[PDB]
Amino acid sequence: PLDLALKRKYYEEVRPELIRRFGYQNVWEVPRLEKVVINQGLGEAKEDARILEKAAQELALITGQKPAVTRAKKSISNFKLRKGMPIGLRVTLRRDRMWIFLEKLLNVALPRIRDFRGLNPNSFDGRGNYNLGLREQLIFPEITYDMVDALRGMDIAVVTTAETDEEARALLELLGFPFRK
Amino acid sequence: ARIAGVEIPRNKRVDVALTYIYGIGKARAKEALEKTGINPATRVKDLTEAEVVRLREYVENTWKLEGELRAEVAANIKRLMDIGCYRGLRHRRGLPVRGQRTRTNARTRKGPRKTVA
Amino acid sequence: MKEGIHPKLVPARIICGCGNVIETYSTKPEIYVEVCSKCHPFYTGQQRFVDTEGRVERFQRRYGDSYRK
RNA sequence: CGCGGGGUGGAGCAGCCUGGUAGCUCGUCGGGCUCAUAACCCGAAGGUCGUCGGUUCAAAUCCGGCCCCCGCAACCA
RNA sequence: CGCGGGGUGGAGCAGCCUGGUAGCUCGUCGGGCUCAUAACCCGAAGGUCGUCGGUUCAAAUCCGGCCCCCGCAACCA
RNA sequence: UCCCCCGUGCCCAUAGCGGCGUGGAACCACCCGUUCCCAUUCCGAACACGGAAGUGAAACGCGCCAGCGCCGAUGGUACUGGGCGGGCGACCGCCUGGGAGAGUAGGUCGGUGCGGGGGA
RNA sequence: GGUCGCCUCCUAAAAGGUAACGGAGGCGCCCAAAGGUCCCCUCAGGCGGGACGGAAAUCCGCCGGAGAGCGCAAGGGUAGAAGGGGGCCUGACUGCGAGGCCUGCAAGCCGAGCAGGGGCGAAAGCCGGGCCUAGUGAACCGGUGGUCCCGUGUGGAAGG
RNA sequence: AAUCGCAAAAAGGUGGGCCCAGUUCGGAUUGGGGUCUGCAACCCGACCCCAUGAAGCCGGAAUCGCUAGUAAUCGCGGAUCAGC
Ligand SMILES: CN(CC[C@H](N)CC(=O)N[C@H]1C=C[C@H](n2ccc(N)nc2=O)O[C@@H]1C(=O)O)C(=N)N
Ligand SMILES: [Mg+2]
Ligand SMILES: [Mg+2]
Ligand SMILES: [Mg+2]
Ligand SMILES: [Mg+2]
Ligand SMILES: [Mg+2]
Ligand SMILES: [Mg+2]
Ligand SMILES: [Mg+2]
Ligand SMILES: [Mg+2]
Ligand SMILES: [Mg+2]
Ligand SMILES: [Mg+2]
Ligand SMILES: [Mg+2]
Ligand SMILES: [Mg+2]
Ligand SMILES: [Mg+2]
Ligand SMILES: [Mg+2]
Ligand SMILES: [Mg+2]
Ligand SMILES: [Mg+2]
Ligand SMILES: [Mg+2]
Ligand SMILES: [Mg+2]
Ligand SMILES: [Mg+2]
Ligand SMILES: [Mg+2]
Ligand SMILES: [Mg+2]
Ligand SMILES: [Mg+2]
Ligand SMILES: [Mg+2]
Ligand SMILES: [Mg+2]
Ligand SMILES: [Mg+2]
Ligand SMILES: [Mg+2]
Ligand SMILES: [Mg+2]
Ligand SMILES: [Mg+2]
Ligand SMILES: [Mg+2]
Ligand SMILES: [Mg+2]
Ligand SMILES: [Mg+2]
Ligand SMILES: [Mg+2]
Ligand SMILES: [Mg+2]
Ligand SMILES: [Mg+2]
Ligand SMILES: [Mg+2]
Ligand SMILES: [Mg+2]
Ligand SMILES: [Mg+2]
Ligand SMILES: [Mg+2]
Ligand SMILES: [Mg+2]
Ligand SMILES: [Mg+2]
Ligand SMILES: [Mg+2]
Ligand SMILES: [Mg+2]
Ligand SMILES: [Mg+2]
Ligand SMILES: [Mg+2]
Ligand SMILES: [Mg+2]
Ligand SMILES: [Mg+2]
Ligand SMILES: [Mg+2]
Ligand SMILES: [Mg+2]
Ligand SMILES: [Mg+2]
Ligand SMILES: [Mg+2]
Ligand SMILES: [Mg+2]
Ligand SMILES: [Mg+2]
Ligand SMILES: [Mg+2]
Ligand SMILES: [Mg+2]
Ligand SMILES: [Mg+2]
Ligand SMILES: [Mg+2]
Ligand SMILES: [Mg+2]
Ligand SMILES: [Mg+2]
Ligand SMILES: [Mg+2]
Ligand SMILES: [Mg+2]
Ligand SMILES: [Mg+2]
Ligand SMILES: [Mg+2]
Ligand SMILES: [Mg+2]
Ligand SMILES: [Zn+2]
């Protein structure tokens, strides 16, 4: 709905340096970010933690959306889990909550991670787009020591029109992402 | 979460709360009271909201800490392996590398007394 | 939008860095930092920190070449 | 082969019925007392449970094939 | 199904015909003693007194009975 | 009546998998937005709605190839209803009628009926 | 010794049916949601992808027609749902039943449609329990609740 | 060498600071960086600086010394010896 600092960043700076490399013969063939699916993917909320909520409202006040409880695919023995047990926290940041979130990761949250050292670049899938994992949560700007209780890393997935892995590299690299080498 | 790798203790002194970082002691804490002139020892929260920030900077780029210093002390010993030295072979074993006495004690190198028949 | 349950994030000033209030509408009214997108090893600069070229290893200890060929 | 019961730390026994649940005794290794050994006092160590499939979310436990311990039979008029 | 009684600390039970105390040995910790495993001994954590709804001035001893174990009885086309 | 298009029926993959192309004035789609109706175990993704700036990239459409899948004969045979003889047997032979499965040659990148909206 | 009723499959010779102390398995339950409807949705698996996190917890990607699932045995069927989720619900109706399936009898089984009165749906329509095929017991004797039909001259009652 | 030297005796007195926490208790362990001896410091020393900041919240069964300036608790000192 809105207009923000990375949304225009992707606008007049990124679209050209992309037609730079691959020289797209059409307005749309050019990459662009669609979905952003954050995944705390608990399982720490087994047959116990009803307090999975005070860890997922934190997920709300850092993503802006309520996260939807993903349950069990089936029942699992050594994992201590029954088909139906809550074990996931999926929030799909789509459209203009994506840019509002993605910039706040890159400019403020990404650097505040302890001993930052690039981004693992092989972790690109190939057939399409990209995603890679965390370690914590309070590194995110919205919180600190007393507000955050238990520690909880989280997964984060990009879904772009990057048909090819190479052109994905460029899209994110230019968009503000620091890589390992 | 605070400074500079992880959050130093609020409600704690601005001479004491120093050593807690992976890289500082009461020895190096004198940079505070003497190389930026900081409070005698009045608390971390107690500090002036701009004096708080002036301390953030002057010890990050002045020394080495946390993840680098952990690795600095760590990656250094990998060298000792790749040559095959008496200090890098006894670390390769996890035994008192700094050469002492390994009959009685030598526990901290060894873990709990394993005990055997 | 589902009406209610989502935190009403109004445009909030992210007062970070050394001269950048990285504005974008966060649900947290104001923010701070001590390590940011500004000052950073991989964000710009060589970043020697205070770690030079591997402490001193090994011929940088000087007091060498006692022998004169 | 016919039925019946059994197989679990080294020895001997619980545990199965009602699945997720491994205990009792001895002994064994470590330590104490003692001149010393036992006694006794202080600690710990030790079984994927016959064997295989398999049911279930998952098997000492439920199920079936085979190996084995033991108990009655295989009536020969 | 119908008559008999309670379902009390973790494991047993006296409180109880006549309500007043949020009950005693075993078990368990610490303690004096023991050479010890022991009896003795001083202090202790344990009741939502099966629950629910009552009778009052509160109930665990008085009720409607939920409950579902022990007990007896009789019937089973 | 010929053609393209949209909405659709029908034969049952010769239709399909894939790669190669081309189609936007039309019509279809993506696309614009969240105000309204409506809407998400989160998200206007989807369903919804108000639109018409962009486009034919995606999807879909018409087409091209035969790598895949698919369909696939003729000939002969196995088998067999019926009628005979043959071997100790396990089984074998002849007559008459019927006659496959595989495999071979080859075919296939669809074929159409109803209405509507364009072209002449 | 084993067996005895029921269901699945095979034997069973391409209709139905068919024996043997033939070969293999299950049933004597379950579900106020696992049911009715309306809306909506789509598997197993494999490869790459990713903090804890795994051969397999959850999130992302491309390939998948059905090998998943459908309470539990097996066969048939089945995603153009019969399977997964949500809203309202209670047709897991009362009175019937044209016509058949099976069949020695008796039982078993399918059901359009009509009437009352409701459920969901905008409506067309769908609901007389569950993807079907097991989850069972004739008659006698009695219990309980109703109805108020008989009630030993007669009004009741007893009994039925 | 009752000259001068090792020599500030430490517990103590006095001011301050902590604030019931594996902590300012605790100093094990370790990485690089230095001084001193002695040819010499890998095995192998001792001191020094940075940093690291471990077991330990008082000890199972058992067990030891000591009856008065003694137990307990403090520092100093020689001999061995280049150093330790
Ligand atoms: C030992 N007896 C004999 C009973 C008879 N009247 C006589 C006799 O010999 N009967 C026997 C006849 C054969 C019978 N038998 C044996 C084997 C077999 N396979 N089938 C049989 O019938 O078993 C009988 C048996 O011994 O009791 C008695 N105590 N009565
Ligand atoms: Mg190009
Ligand atoms: Mg790193
Ligand atoms: Mg050097
Ligand atoms: Mg047996
Ligand atoms: Mg044995
Ligand atoms: Mg026993
Ligand atoms: Mg068994
Ligand atoms: Mg067990
Ligand atoms: Mg004792
Ligand atoms: Mg067995
Ligand atoms: Mg015999
Ligand atoms: Mg009694
Ligand atoms: Mg009274
Ligand atoms: Mg003694
Ligand atoms: Mg009797
Ligand atoms: Mg009875
Ligand atoms: Mg159509
Ligand atoms: Mg094209
Ligand atoms: Mg145009
Ligand atoms: Mg193209
Ligand atoms: Mg296509
Ligand atoms: Mg055409
Ligand atoms: Mg045509
Ligand atoms: Mg044509
Ligand atoms: Mg054509
Ligand atoms: Mg050709
Ligand atoms: Mg061809
Ligand atoms: Mg060809
Ligand atoms: Mg063929
Ligand atoms: Mg014949
Ligand atoms: Mg013949
Ligand atoms: Mg023929
Ligand atoms: Mg013939
Ligand atoms: Mg025309
Ligand atoms: Mg015209
Ligand atoms: Mg018999
Ligand atoms: Mg017939
Ligand atoms: Mg028969
Ligand atoms: Mg594979
Ligand atoms: Mg993987
Ligand atoms: Mg990973
Ligand atoms: Mg990994
Ligand atoms: Mg995985
Ligand atoms: Mg099944
Ligand atoms: Mg079959
Ligand atoms: Mg089949
Ligand atoms: Mg449904
Ligand atoms: Mg459901
Ligand atoms: Mg409605
Ligand atoms: Mg009839
Ligand atoms: Mg009839
Ligand atoms: Mg009907
Ligand atoms: Mg109707
Ligand atoms: Mg059924
Ligand atoms: Mg009666
Ligand atoms: Mg009458
Ligand atoms: Mg009268
Ligand atoms: Mg009557
Ligand atoms: Mg003081
Ligand atoms: Mg204390
Ligand atoms: Mg501890
Ligand atoms: Mg003891
Ligand atoms: Mg003592
Ligand atoms: Zn900045």
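This deposition comes from X-ray crystallography, 3.4 Å.
Each Cβ is built from the backbone N, Cα and C atoms, and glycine gets one as well.
Here Swiss-Prot flags C:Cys16, C:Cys18, C:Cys36, C:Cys39 as Zn(2+) binding site.
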Check your understanding: Which one, from the binding-site residues C:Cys18, C:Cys36, has the smallest tally of other C-beta atoms lying within 10 Å of its C-beta?
Key -> C:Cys18
**Study point:** Fewest other C-beta atoms within 10 angstroms, as judged across C:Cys16, C:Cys39, which are the binding-site residues
**Key:** C:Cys39
Review point. Is there any among the binding-site residues C:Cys16, C:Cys18, C:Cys36 whose Cβ is under 8 Å from chain A, and which ones, in sequence order?
Key: C:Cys16, C:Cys36
